[PDB]
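Enquirer: Next comes the structure file entry-v4.pdb, holding PDB, C-alpha atoms.
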ATOM      1  CA  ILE A 580      42.350  66.593   0.008
ATOM      2  CA  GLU A 581      44.432  69.712  -0.642
ATOM      3  CA  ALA A 582      47.725  67.813  -0.854
ATOM      4  CA  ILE A 583      46.288  64.944  -2.913
ATOM      5  CA  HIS A 584      45.209  67.332  -5.676
ATOM      6  CA  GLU A 585      48.775  68.624  -5.974
ATOM      7  CA  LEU A 586      50.258  65.114  -6.006
ATOM      8  CA  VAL A 587      48.072  63.869  -8.867
ATOM      9  CA  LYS A 588      48.453  67.087 -10.865
ATOM     10  CA  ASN A 589      52.254  67.043 -10.639
ATOM     11  CA  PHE A 590      52.479  63.382 -11.665
ATOM     12  CA  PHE A 591      50.346  63.720 -14.797
ATOM     13  CA  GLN A 592      52.132  66.829 -16.080
ATOM     14  CA  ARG A 593      55.509  65.142 -15.571
ATOM     15  CA  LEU A 594      54.238  62.017 -17.343
ATOM     16  CA  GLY A 595      53.014  64.109 -20.268
ATOM     17  CA  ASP A 596      56.205  66.157 -20.504
ATOM     18  CA  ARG A 597      58.350  63.014 -20.750
ATOM     19  CA  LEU A 598      55.866  61.235 -23.044
ATOM     20  CA  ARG A 599      56.455  63.736 -25.875
ATOM     21  CA  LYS A 600      60.141  62.779 -26.241
ATOM     22  CA  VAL A 601      59.844  59.008 -26.689
ATOM     23  CA  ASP A 602      59.625  57.756 -30.264
ATOM     24  CA  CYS A 603      56.193  56.167 -29.821
ATOM     25  CA  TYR A 604      54.528  59.554 -29.295
ATOM     26  CA  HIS A 605      55.958  61.233 -32.405
ATOM     27  CA  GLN A 606      56.151  58.149 -34.635
ATOM     28  CA  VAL A 607      52.344  58.086 -34.698
ATOM     29  CA  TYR A 608      52.185  61.872 -35.032
ATOM     30  CA  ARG A 609      54.641  61.436 -37.897
ATOM     31  CA  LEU A 610      52.384  58.793 -39.444
ATOM     32  CA  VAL A 611      49.056  60.619 -38.937
ATOM     33  CA  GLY A 612      47.963  64.232 -38.572
ATOM     34  CA  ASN A 613      46.351  64.069 -35.122
ATOM     35  CA  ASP A 614      47.451  63.048 -31.635
ATOM     36  CA  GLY A 615      45.016  60.123 -31.664
ATOM     37  CA  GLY A 616      43.145  61.342 -28.590
ATOM     38  CA  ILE A 617      45.958  60.778 -26.084
ATOM     39  CA  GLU A 618      45.447  64.146 -24.395
ATOM     40  CA  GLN A 619      41.655  63.816 -24.301
ATOM     41  CA  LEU A 620      41.828  60.337 -22.771
ATOM     42  CA  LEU A 621      44.691  61.335 -20.466
ATOM     43  CA  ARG A 622      42.774  64.368 -19.195
ATOM     44  CA  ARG A 623      39.599  62.329 -18.683
ATOM     45  CA  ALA A 624      41.452  59.592 -16.796
ATOM     46  CA  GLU A 625      43.229  62.114 -14.561
ATOM     47  CA  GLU A 626      39.932  63.686 -13.496
ATOM     48  CA  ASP A 627      38.370  60.290 -12.781
ATOM     49  CA  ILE A 628      41.363  59.150 -10.715
TER      50      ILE A 628
ATOM     51  CA  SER B 773      57.458  75.505 -47.381
ATOM     52  CA  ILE B 774      59.604  73.402 -45.036
ATOM     53  CA  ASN B 775      57.774  70.230 -46.070
ATOM     54  CA  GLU B 776      58.046  71.145 -49.756
ATOM     55  CA  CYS B 777      61.791  71.726 -49.373
ATOM     56  CA  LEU B 778      62.306  68.289 -47.814
ATOM     57  CA  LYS B 779      59.830  66.749 -50.272
ATOM     58  CA  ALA B 780      62.534  66.686 -52.954
ATOM     59  CA  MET B 781      64.859  64.317 -51.052
ATOM     60  CA  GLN B 782      63.428  62.979 -47.776
ATOM     61  CA  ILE B 783      59.959  61.744 -46.826
ATOM     62  CA  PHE B 784      60.000  62.871 -43.169
ATOM     63  CA  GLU B 785      56.921  65.094 -43.043
ATOM     64  CA  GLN B 786      55.870  67.602 -40.387
ATOM     65  CA  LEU B 787      52.517  68.261 -38.698
ATOM     66  CA  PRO B 788      50.214  70.731 -40.517
ATOM     67  CA  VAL B 789      47.111  72.545 -39.240
ATOM     68  CA  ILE B 790      43.777  72.661 -41.079
ATOM     69  CA  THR B 791      40.016  72.621 -40.405
ATOM     70  CA  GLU B 792      40.260  73.588 -36.752
ATOM     71  CA  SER B 793      36.479  74.113 -36.673
TER      72      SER B 793
ATOM     73  CA  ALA C 436      77.728  62.017 -50.716
ATOM     74  CA  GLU C 437      74.691  59.692 -50.869
ATOM     75  CA  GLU C 438      74.226  58.352 -47.311
ATOM     76  CA  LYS C 439      75.628  60.799 -44.742
ATOM     77  CA  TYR C 440      74.525  63.943 -46.605
ATOM     78  CA  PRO C 441      70.753  63.213 -46.637
ATOM     79  CA  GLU C 442      70.921  62.060 -43.009
ATOM     80  CA  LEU C 443      71.727  65.630 -41.941
ATOM     81  CA  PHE C 444      68.322  66.835 -43.136
ATOM     82  CA  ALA C 445      66.631  63.732 -41.713
ATOM     83  CA  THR C 446      67.910  64.438 -38.197
ATOM     84  CA  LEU C 447      67.035  68.127 -38.594
ATOM     85  CA  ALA C 448      63.358  67.307 -39.125
ATOM     86  CA  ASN C 449      63.397  64.853 -36.214
ATOM     87  CA  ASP C 450      64.808  67.632 -34.020
ATOM     88  CA  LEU C 451      62.175  70.114 -35.243
ATOM     89  CA  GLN C 452      59.122  67.974 -34.442
ATOM     90  CA  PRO C 453      59.452  68.266 -30.619
ATOM     91  CA  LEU C 454      58.746  72.027 -30.744
ATOM     92  CA  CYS C 455      56.369  72.219 -33.716
ATOM     93  CA  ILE C 456      54.240  69.671 -31.843
ATOM     94  CA  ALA C 457      53.834  72.005 -28.852
ATOM     95  CA  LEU C 458      52.968  75.150 -30.814
ATOM     96  CA  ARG C 459      50.065  73.441 -32.588
ATOM     97  CA  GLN C 460      48.686  72.031 -29.336
ATOM     98  CA  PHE C 461      48.889  75.374 -27.523
ATOM     99  CA  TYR C 462      47.092  77.359 -30.235
ATOM    100  CA  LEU C 463      44.247  74.859 -30.640
ATOM    101  CA  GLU C 464      43.500  74.791 -26.907
ATOM    102  CA  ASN C 465      43.236  78.584 -26.730
ATOM    103  CA  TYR C 466      41.317  78.839 -30.011
ATOM    104  CA  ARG C 467      38.738  76.214 -29.033
ATOM    105  CA  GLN C 468      38.487  77.730 -25.544
ATOM    106  CA  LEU C 469      37.155  81.035 -26.894
ATOM    107  CA  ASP C 470      34.634  79.361 -29.213
ATOM    108  CA  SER C 471      32.844  78.031 -26.117
ATOM    109  CA  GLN C 472      31.819  81.541 -25.085
ATOM    110  CA  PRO C 473      28.609  82.901 -26.660
ATOM    111  CA  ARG C 474      28.649  85.507 -29.418
ATOM    112  CA  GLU C 475      25.176  87.074 -29.453
ATOM    113  CA  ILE C 476      24.451  89.925 -27.056
ATOM    114  CA  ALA C 477      21.124  88.410 -25.988
ATOM    115  CA  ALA C 478      22.748  85.163 -24.854
ATOM    116  CA  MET C 479      25.652  87.024 -23.236
ATOM    117  CA  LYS C 480      23.352  89.421 -21.374
ATOM    118  CA  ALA C 481      21.250  86.548 -20.018
ATOM    119  CA  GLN C 482      24.431  84.926 -18.690
ATOM    120  CA  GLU C 483      25.157  87.994 -16.558
TER     121      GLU C 483
END
Mind turning the file's structure into structure tokens?

Expert:
Amino acid sequence: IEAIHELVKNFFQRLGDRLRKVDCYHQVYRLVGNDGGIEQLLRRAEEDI
Amino acid sequence: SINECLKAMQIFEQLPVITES
Amino acid sequence: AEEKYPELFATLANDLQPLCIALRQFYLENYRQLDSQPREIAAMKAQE
């Protein structure tokens, strides 16, 4: 259990860090004023997993 | 101010902050 | 004078978004975190 928590936590943070550089993430943020709920959904999914 | 400066020529806007609530 | 010149500002804004995006996210998380805590003394005292 202890190691699994670290594994999941490291993966999600790395996914998020690299997701903010691709065009798709900032093209929408360019088009609208909000993130669109990516972080809220991403956080909720991570906890459930 | 940055957005206003670019408003004259280019349309690439930035992300503002308002109504945090 | 009409194509390359404006592109310089266009790329500048594209290179500014990656950091302006993080500052907004960081402040909102901290700001909304504090609002969760109560404000009245009566509610705060009961929590203790």

Enquirer: Given the ChimeraX specification (/B :<9) & /A and the file above, list the residues it selects as a ChimeraX atom specification.

Expert: /A:608-613

Enquirer: Which residues match the ChimeraX specification (/B :<7) & /C in the file above, as JSON, numbers by chain?

Expert: {"C": [445, 448, 452]}

Enquirer: Using all atoms listed in the file and a cut-off of 12 Å, which residues of chain C sit close to chain A? Please list them as number ranges by chain.

Expert: C: 448-457, 459-460, 463-464

Enquirer: Which value, in Å to one decimal, gives the distance between atom CA of residue 591 of chain A and atom CA of residue 625 of chain A?

Expert: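 Straight-line distance from atom CA of residue 591 of chain A to atom CA of residue 625 of chain A works out to 7.3 Å.
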
Enquirer: Using only the atoms of segment 460-463 of chain C listed in the file, plus 5 Å on each side, state the axis-aligned box centre and edge lengths in Å rounded to one decimal, as AutoDock Vina command-line options.

Expert:
--center_x 46.6 --center_y 74.7 --center_z -29.1 --size_x 14.6 --size_y 15.3 --size_z 13.1

Enquirer: So how far away is atom CA of residue 467 of chain C from atom CA of residue 601 of chain A, in Å?

Expert: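 About the pair atom CA of residue 601 of chain A and atom CA of residue 467 of chain C: they are 27.3 Å apart.
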
Enquirer: Could you pull the residues within 10 Å of segment 626-628 of chain A, counting only C-alpha atoms, minus those fewer than 2 positions along the same chain, as a ChimeraX atom specification?

Expert: /A:587-588,621-624

Enquirer: Grab the atom CA of residue 604 of chain A to atom CA of residue 441 of chain C distance for me, in Å with one decimal place.

Expert: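 Rounded to one decimal, the two atoms are 24.0 Å apart.
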